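Shown next as structure tokens: one chain only, the form deposited in one PDB entry.
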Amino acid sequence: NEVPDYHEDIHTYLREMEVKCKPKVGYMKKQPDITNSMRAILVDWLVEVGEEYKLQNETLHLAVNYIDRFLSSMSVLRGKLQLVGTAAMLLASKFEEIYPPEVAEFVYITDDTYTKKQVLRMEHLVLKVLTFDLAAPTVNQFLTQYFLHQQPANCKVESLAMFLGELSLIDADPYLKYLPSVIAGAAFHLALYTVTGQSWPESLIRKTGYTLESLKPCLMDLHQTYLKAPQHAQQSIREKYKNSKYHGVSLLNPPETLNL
């Protein structure tokens, strides 16, 4: 880390791992009792939990992976979707945070609709279903790798790309069909364009093999998501990124066209 040596290896590896630790593109369809919308409401709620407990954005991206992964093979009734979500968050925390919140805290933030006993059992069930493979590559990770390729670093472009990638977590509707390395590529260029009129850098095209053209589809989707962002049913993420910690980038007016 913080040394150019393994950066290339690590990238190549996360690329392999994202294919393996990826969910079922169309699992929501085969899920009898839950819908994208219920999910979007769930992820948004997790976003708030993250803020409330000052958790990392990685901890949020992971939990989302755990959830999608779980739902890709387990039928869940809406009445339990939150218990699943809570445990997933609990796990992501134990894995990524320096010191996760106590179980009691996760039972609390759910308005005691669930027992501490339930949380702990759902945790085991998730661990069993996920077969302990929790170290999943996130969009947040790929941005990190791409950020080294800036010239120089623009802490506003980053906060924006983070904002866009964090927005994708919400709508499974169009996003489950893109690999994190792709969503990240989209989020990066789109941010780079808005803030500095610059595009997907040649260094990255070579490092990722992705051409601006190849990111076009996801890009179109993300740009479109960026545009309607203010009128979305879920707003927790936008409220999060107008803060001065992220340079209120959620307030930057998106381009109207991308000229692609």
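So that there is no doubt, residue numbering starts at 1 and follows the sequence shown.
The form deposited with a partner chain bound is left out here; the points below concern that form.
*Asks:* Find out whether any non-hydrogen atom of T110 is located within 4.5 angstroms of its partner chain in the bound PDB entry, and reply yes or no.
*Replies:* Taking the distances in the bound PDB entry, the answer for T110 is yes, it comes within 4.5 Å of its partner chain.
*Asks:* Please determine whether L219 contacts its partner chain in the bound PDB entry, using a 4.5 Å cut-off between heavy atoms.
*Replies:* Result no; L219 lies far from its partner chain in the bound PDB entry.
*Asks:* Counting only non-hydrogen atoms and a 4.5 angstroms cut-off, does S181 reach its partner chain in the bound PDB entry?
*Replies:* Result no; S181 lies far from its partner chain in the bound PDB entry.
*Asks:* Should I41 be classed as touching its partner chain in the bound PDB entry when contacts are defined as heavy atoms within 4.5 Å?
*Replies:* It does: once its partner chain is placed as it appears in the bound PDB entry, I41 has a heavy atom within 4.5 Å of it.
*Asks:* At 4.5 Å between heavy atoms, only one of the stretches 210-218, 196-204, 42-50, 224-232 reaches its partner chain in the bound PDB entry; which one is it?
*Replies:* Only one stretch passes the 4.5 Å heavy-atom test: 42-50.
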